[PDB]
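# Per-entry structural report
Now for the letters of each chain:
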Amino acid sequence: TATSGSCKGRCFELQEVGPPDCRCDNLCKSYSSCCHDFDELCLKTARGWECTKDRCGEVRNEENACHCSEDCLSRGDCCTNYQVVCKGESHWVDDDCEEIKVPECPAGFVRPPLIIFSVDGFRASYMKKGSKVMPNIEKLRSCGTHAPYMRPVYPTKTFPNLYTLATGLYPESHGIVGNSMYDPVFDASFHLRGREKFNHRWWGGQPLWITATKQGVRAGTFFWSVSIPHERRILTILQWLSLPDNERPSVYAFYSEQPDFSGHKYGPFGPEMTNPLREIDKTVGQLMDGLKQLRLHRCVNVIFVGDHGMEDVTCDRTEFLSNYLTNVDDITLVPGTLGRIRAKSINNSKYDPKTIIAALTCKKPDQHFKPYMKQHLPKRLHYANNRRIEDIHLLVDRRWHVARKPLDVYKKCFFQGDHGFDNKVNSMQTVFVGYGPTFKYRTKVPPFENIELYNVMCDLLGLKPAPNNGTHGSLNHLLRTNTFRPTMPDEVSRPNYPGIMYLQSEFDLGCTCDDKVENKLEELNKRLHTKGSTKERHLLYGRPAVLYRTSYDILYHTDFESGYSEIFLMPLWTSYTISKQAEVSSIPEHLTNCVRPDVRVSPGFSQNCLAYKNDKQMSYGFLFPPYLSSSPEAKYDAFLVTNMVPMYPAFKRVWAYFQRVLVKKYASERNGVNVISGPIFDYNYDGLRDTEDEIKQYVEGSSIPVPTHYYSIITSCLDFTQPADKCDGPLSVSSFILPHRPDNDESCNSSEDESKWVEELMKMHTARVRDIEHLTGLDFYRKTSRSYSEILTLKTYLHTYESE
Ligand SMILES: *[C@@H]1O[C@H](CO)[C@@H](O[C@@H]2O[C@H](CO)[C@@H](O[C@@H]3O[C@H](CO[C@H]4O[C@H](CO)[C@@H](O)[C@H](O[C@H]5O[C@H](CO)[C@@H](O)[C@H](O)[C@@H]5O[C@H]5O[C@H](CO)[C@@H](O)[C@H](O)[C@@H]5O)[C@@H]4O)[C@@H](O)[C@H](O[C@H]4O[C@H](CO)[C@@H](O)[C@H](O)[C@@H]4O[C@H]4O[C@H](CO)[C@@H](O)[C@H](O)[C@@H]4O)[C@@H]3O)[C@H](O)[C@H]2NC(C)=O)[C@H](O)[C@H]1NC(C)=O
Ligand SMILES: CNC(=O)c1cnc(COc2cc(Cl)c(C#N)cc2C(C)(C)C)n1C
Ligand SMILES: [Ca+2]
Ligand SMILES: [Ca+2]
Ligand SMILES: [K+]
Ligand code: NA
Ligand SMILES: [Zn+2]
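## Topic: helix 5 (residues 135-143)
All of the buried residues in helix 5 are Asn 136, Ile 137, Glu 138, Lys 139, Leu 140 and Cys 143. Looking at the packing, one finds that the buried side of helix 5 touches helix 4 (126-129), helix 11 (274-293), strand 7 (301-306) and strand 16 (432-435).

As structure tokens, then:
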């Protein structure tokens, strides 16, 4: 750097000048590249940050941090409280809240500006528990639009979540997969400290500032240097807002290190936390009083958002890998609130993942972490499809840490708070408030995920979002105006509707059934069932649409409808309705091993029983459960070869319990349920439906592909006084994506009765409908009475199974 130039007139300039000139933008600090006079000119502190009676109409003194002189409003650099002190105006927080029906902006303003006010470690329950000391924030919240909480992404760390906020992408896709990383292809290490985290090759996707800039919208800085005080960040934003129309940004960001910084030291609700909350609130008050001075307080959209929460964590709640492994010096642990394990040395081919996992599995009765291969993590975490994510992962229980060895924890108790846990954990939830002309007035919306906000911020700014993991339209209910008008994806493949085309003897599948048992009243009756007479009952929301090119058949049955894939030789989906009144029966003894050819579907597009017999690892289950047949006669339908799917014995324990006990429990509790079940194939763990040439496992000696997962979507009436099959209004859904594993090693209590571990597994693997859509290429809920935006909201819902 040639730091011999000057910042005279360039303080916090918006486009950084190119070396070897010296820099006066607000990253210069972080690159050792500021001009000599940067602090003197750009970081004035004289006389502090508030006008007092005695400074009112003072003579402009340019050494002052901010001004109380008569010309300050026009120069854009008054103290934020100037009008209050010197002109008898009220602080914004003292004014009543008044609906902002239209943007009330100064002339020259082409669009309401957006200000993102992000707060580090701002746990969701602060909104209620700290309400008495955060009057500015509470006004934004009750007068604007707010959720009870906002769900972060995993891991629930700072950089992964702020870059998710800026890109609408999962960390696996944007690349910032933790607060430290190693990247083998670069051979390189990213960390919180140091210079490496500033190289742009870490940062994938297209962040909002780049989306804005490419489309003609100017942006303020998103990164603030740690040595620029909050008061100066606010004044800088308010100065930028007084720039001329051609130079003025439309989007801005402010970031606070608090309350995170204190939360680490004192825990989430430590007595020391009251003051940081007060201070953030005061900052908010400064921004709003500043906006109001500039007549922007009914023009700008403000988003108050957190990156993650904070939990009680102490040194004594640390699990040490040295207590599990003998070989603890052959590994590298990325430690703390998650674990990632790789080999110390890439030249040691005597590193075995399998033995490391087994040595960490169910080894202590109260073990506070669970090892996973990353592809076996819950699909809701979307945490696998990146080379920077180690194959071995430890999911750590809330309130705990994991470390390699004790020396790592004392030759580094300091801390009483931390974060980074599973993003379903209550203590990790954070906040969202939207306030402004474009947000709704005094509106509460349901909790949603921070991946959705990029689309909305783009809407707010009139930008076309780059491709992202949001579901555009799912947050339209936040907005007064600027709604995105989404439409349903076009169906790509039309189904076939086969009739009876094959005689029994044409099949040689090696199946038997005990079913030679032969009436005219109920001969027309069953024909009606195979043409789809009951389909209105079992298919409540329309048939799912297939969004890729393939060959499939719709099959109707008395108790269930299916979309049967000629390519994968099993249903893509199976739909059935179980009313509150329905009865569970058993599989009669004579029908235990019964599998029946489907005369609507050719031998060449059918599974066969001989493959399952020959495959010593692999067994089979059914998508529509025999246990819920409406009649002895209807039960034969459930044993069609077209309803069969490959299942490991270990997995049949889970599936049988779900189908025999849980479906009926849910129907009783929810007043009927509609169930859609099916297979998922994600051998490359990218969260996306595999093509057939990606399948790595088949049922031995066959073309029957083995699913990696099985899903179910379980829908009912949100008003549970109406039965699922006659619901007039909004729906309620829960879903899961269970991993199809040949062991139950994941469940430490799996030697017990299914009543003690199965449901807990299923909860862990709760999913959004949207997650199943990505994994299957299906589009659900195509025919309802609800608006499409409401259905998009429903498809993004996750049932978390946390308490309140
Ligand atoms: C969440 O939303 C995101 C965003 O929409 C979804 O991610 C997209 O998924 C698409 C499908 O997987 C994917 O499209 C592929 O990308 C190739 C072009 O890629 C570059 O350009 C874009 C655009 O500017 C850019 O964003 C990409 O950025 C990635 O890579 C850099 C590092 O290079 C990172 O800085 C960044 O973080 C990002 O990394 C992530 O993505 C890559 C994959 O792109 C992952 O490997 C990483 O782990 C990380 O997650 C890229 O720089 C394109 O070349 C591909 O084309 C192949 O496949 C198609 C199939 O139709 C076919 O036409 C061709 O045959 C072609 O095959 C040839 O190449 C093969 C592989 O080299 C080879 O085997 C063949 O034999 C052939 O030679 C493909 O279109 C898109 O890139 C990403 N976008 C992002 C931002 O991640 C994501 O799916 C959503 N998640 C869910 C769950 O829904
Ligand atoms: C040690 N210093 C820091 O950690 C630091 C300094 N300034 C910031 C704020 O950064 C952001 C803010 C917002 Cl609001 C968004 C969004 N959307 C994105 C970012 C990133 C991190 C992508 C630049 N941080 C985290
Ligand atoms: Ca943080
Ligand atoms: Ca896949
Ligand atoms: K078998
Ligand atoms: Na087990
Ligand atoms: Zn932190």
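## Things to note about the state of the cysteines
Within the structure shown, the criterion is met by 15 disulfides. Between the sulfur atoms of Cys 11 and its disulfide mate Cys 42 the distance is 2.1 Å. Taking the torsion about the sulfur-sulfur bond, which here is approximately -85°, the covalent link between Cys 11 and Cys 42 counts as left-handed. Here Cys 11 is found in the segment before helix 1 (38-42), whereas its partner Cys 42 is found in helix 1, with 31 residues between them in sequence. For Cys 11, a relative accessible area of 30% puts it in the partly exposed group.

## Remarks on the coordination of the zinc ion (ligand 7)
The protein atoms that coordinate the zinc ion (ligand 7) are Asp 260 (OD), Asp 260 (OD), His 264 (NE2) and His 419 (NE2), at distances spanning 2.0 to 2.6 Å. Coordination at the zinc ion (ligand 7) is irregular, judged from the 4 donor atoms that bind it and the angles of 54 to 148° they form at the metal. In this model, the zinc ion (ligand 7) sits 4.4 Å from the calcium ion (ligand 3). Pair noted here: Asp 260 and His 264 are both in helix 10 (residues 260-266), with a separation of 4 residues, about one helical turn. On the basis of relative accessibility, which here comes to 22%, the residue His 264 falls in the partly exposed class.

## Digging into the nonpolar core
Nonpolar side chains in soluble globular proteins tend to end up buried together. One finds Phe 651, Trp 655, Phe 658, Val 663, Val 673 and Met 762 to be the most contacted residues of the largest nonpolar core, which totals 57 residues. With sequence-adjacent residues up to four places away left out, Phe 658 is seen in contact with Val 663, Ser 677, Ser 712, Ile 714, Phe 736 and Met 762. Counting 51 residues, the second-largest nonpolar core is a separate cluster that includes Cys 42, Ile 234, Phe 254 and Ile 280.

## A look at the pattern of salt bridges
On inspection of all chains with the given rule, the structure shows 48 salt bridges. Measuring nitrogen to oxygen at the nearest pair gives 2.7 Å for the salt bridge that ties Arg 653 to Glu 754. With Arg 653 in helix 19 (residues 649-670) and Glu 754 in the loop between strand 27 (731-739) and helix 20 (758-764), the pair connects residues that are 101 residues apart, well separated along the chain. By relative accessible area, which is 27% here, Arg 653 ends up partly exposed. A salt bridge links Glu 773 to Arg 770, with the nearest nitrogen and oxygen atoms 2.7 Å apart. Of this pair, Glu 773 and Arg 770 both sit in helix 21 (residues 769-776), 3 residues apart, which is roughly one turn of that helix. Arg 770 carries the same exposure label as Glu 773, and that label is buried. Overlapping salt bridges bring together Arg 60, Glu 62, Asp 71, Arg 75 and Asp 77 as one network.

## Regarding the UniProt feature "binding site: Zn(2+) 2" in the protein
As annotated in UniProt, the feature "binding site: Zn(2+) 2" corresponds to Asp 260, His 264 and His 419 in the numbering used here. What makes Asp 260 buried here is its relative accessible area of 11%. Within the secondary structure layout, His 419 lies in the loop between strand 15 (417-418) and strand 16. In contact with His 419, other than residues within four places in its own chain, are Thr 156, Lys 157, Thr 158, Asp 260, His 264, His 308, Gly 309, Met 310, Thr 337 and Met 428. Within polar-contact distance, the side chain of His 419 engages the side chain of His 264 at 3.4 Å.

## Some words on the coordination of the calcium ion (ligand 4)
Ligation of the calcium ion (ligand 4) by protein atoms is provided by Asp 682 (OD), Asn 684 (OD1), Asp 686 (OD), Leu 688 (O) and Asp 690 (OD), these donors lying 2.2 to 2.3 Å from the ion. Within one chain, the residues donating to the calcium ion (ligand 4) are spaced in sequence as D-x1-N-x1-D-x1-L-x1-D.

## Comments concerning the site of ligand 2
Taken together, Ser 118, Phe 159, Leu 162, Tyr 163, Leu 165, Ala 166, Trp 209, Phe 222, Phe 223, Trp 224, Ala 253 and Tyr 255 make up the full set of residues adjacent to ligand 2. Contact between ligand 2 and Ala 166: a nitrogen atom at 3.4 Å from a main-chain N or O atom of the residue. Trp 224 is positioned such that a nitrogen or oxygen atom in its backbone is 3.0 Å from a nitrogen atom of ligand 2. In isolation ligand 2 exposes 570 Å². Once the protein is present, 88% of that is buried.

## Observations concerning the pairing of strand 22 (residues 570-578)
Looking along a regular strand, one sees side chains alternate from face to face of the sheet. Most of strand 22 is tucked away: 9 of the 9 residues are buried. Judged from the 5 bridges that link them, strand 21 (residues 561-565) and strand 22 form a sheet pairing that is antiparallel. Residue pairing in the sheet places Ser 565 in a bridge with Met 570 of strand 22. The hairpin formed by strand 21 and strand 22 contains 4 residues between the paired strands, and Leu 569 there has a positive phi angle of roughly 65°. Where strand 22 lies against strand 25 (residues 673-680), 5 bridges are found, and the strand directions are antiparallel. From the neighbouring strand, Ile 578 faces strand 25, where its bridge partner is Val 673.

## A short note on the sheet that holds strand 17 (residues 443-444)
Taken in spatial order, the 6 strands line up as 6-1-7-16-2-17 in an open sheet, and their pairing is mixed. Lying at the two open borders of the sheet, with one neighbouring strand each, are strand 6 (251-259) and strand 17. Here 2 bridges tie strand 2 (residues 145-146) to strand 17, and the two strands are oriented parallel to one another. The partner of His 146 across the bridge, within strand 17, is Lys 444. On the sheet, helix 9 (residues 230-241) packs against strand 1 (114-120) and strand 6 and is oriented at approximately 170° with respect to strand 6.

## Let's talk about the site of ligand 1
Around ligand 1, a shell composed of 14 residues is seen, among which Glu 172, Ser 173, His 174, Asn 385 and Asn 469 lie nearest. Between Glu 172 and ligand 1, the recorded distance is 2.7 Å, taken from a backbone N or O atom to an oxygen atom. At 2.8 Å, a backbone N or O of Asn 385 approaches an oxygen atom of ligand 1. In isolation ligand 1 exposes 1500 Å². Once the protein is present, 33% of that is buried. With 3 residues, helix 7 (residues 171-174) is the single largest residue contributor to the shell around ligand 1.

## A word on the packing of aromatic side chains
Geometry of an aromatic ring pair is reported as the spacing of the ring centres plus the angle between the planes. Here the structure, examined in full by the defined rule, presents 38 aromatic pairs. Between the aromatic rings of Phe 12 and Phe 38, the centroid separation amounts to 5.9 Å while the plane-to-plane angle is 75°, which identifies the pairing as edge-to-face. With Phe 12 in the segment before helix 1 and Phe 38 in helix 1, this residue pair connects regions lying 26 residues apart in the sequence. Relative accessible area serves as the criterion here: at 1%, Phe 38 is assigned to the buried category. One aromatic cluster is present, formed by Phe 117, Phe 122, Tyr 126, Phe 254, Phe 269 and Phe 304 through successive ring pairs. Over the aromatic face of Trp 92 sits the side chain of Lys 139, whose NZ or CZ is 4.0 Å from the ring centroid.

## Re unusual backbone geometry
For residues other than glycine, phi is negative in most cases, and the peptide bonds are mostly trans. Geometrically, the link from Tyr 154 to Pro 155 is a cis peptide bond, its omega value of -5° lying close to zero. Among the secondary structure elements, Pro 155 is positioned in the loop between strand 3 (150-151) and helix 6 (158-167). Here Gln 258 and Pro 259 are connected by a cis peptide whose omega angle stands at 10°. If you trace the backbone, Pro 259 turns up in strand 6. In the Ramachandran plot, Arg 399 falls in the positive-phi region, its phi being about 95° despite a non-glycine side chain. With respect to the helices and strands, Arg 399 occurs in the loop between strand 13 (392-396) and strand 14 (401-403). With phi around 55°, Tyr 781 is a residue other than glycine that occupies positive phi space. By secondary structure assignment, the location of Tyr 781 is in the loop between strand 29 (778-779) and helix 22 (788-796).

## Remarks on the environment of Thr 167
Summarising the element assignment, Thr 167 is placed in helix 6. Judged by its relative accessible area of 2%, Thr 167 is buried. Put simply, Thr 167 and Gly 204 are 37 residues apart on the chain and 8.8 Å apart in space, counted from C-alpha to C-alpha. At 2.7 Å, the side chain of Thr 167 and the backbone oxygen of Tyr 163 are in polar contact.

Calculation rules
- Residues numbered from 1 in each chain as written, not as in the entry; some residues may be left out.
- Chains lettered and ligands numbered in written order.
- Heavy atoms only, no water.
- Residues with missing side-chain atoms left out of burial classes, pairs and counts.
- Buried < 20%, exposed > 50% of the residue type's maximum accessible area, 1.4 Å probe, protein only.
- Helix = DSSP H or I, 4+ residues; strand = E, 2+ residues; numbered from the N terminus.
- Contact = heavy atoms within 4.5 Å.
- Disulfide = S-S within 2.5 Å.
- Donors = N, O, S within 2.8 Å, 3.2 Å for Na, K, Ca; no water.
- Tetrahedral: all angles 85-135°; square planar, octahedral: opposite > 155°, others 65-115°.
- Core = buried A, V, L, I, M, F, W, Y, C linked by side-chain atoms within 4.5 Å.
- Salt bridge = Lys/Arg side-chain N within 4 Å of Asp/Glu carboxyl O.
- UniProt positions renumbered as here; feature names shortened; annotations may be inferred.
- Polar contact = N/O pair within 3.5 Å; in protein donor to acceptor, adjacent residues only side chain to side chain.
- Near = heavy atom within 4 Å.
- Areas by Shrake-Rupley, 256 points an atom, 1.4 Å probe, with all protein chains shown as cover.
- Pairing = 2+ DSSP bridges.
- Axes fitted to C-alpha atoms, helices over the stretch in contact; angles between N-to-C directions.
- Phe/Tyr/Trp six-rings, centres within 6.5 Å; stacked < 30°, edge-to-face > 60°.
- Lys NZ or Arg CZ within 6 Å of the ring centre and 35° of its normal.

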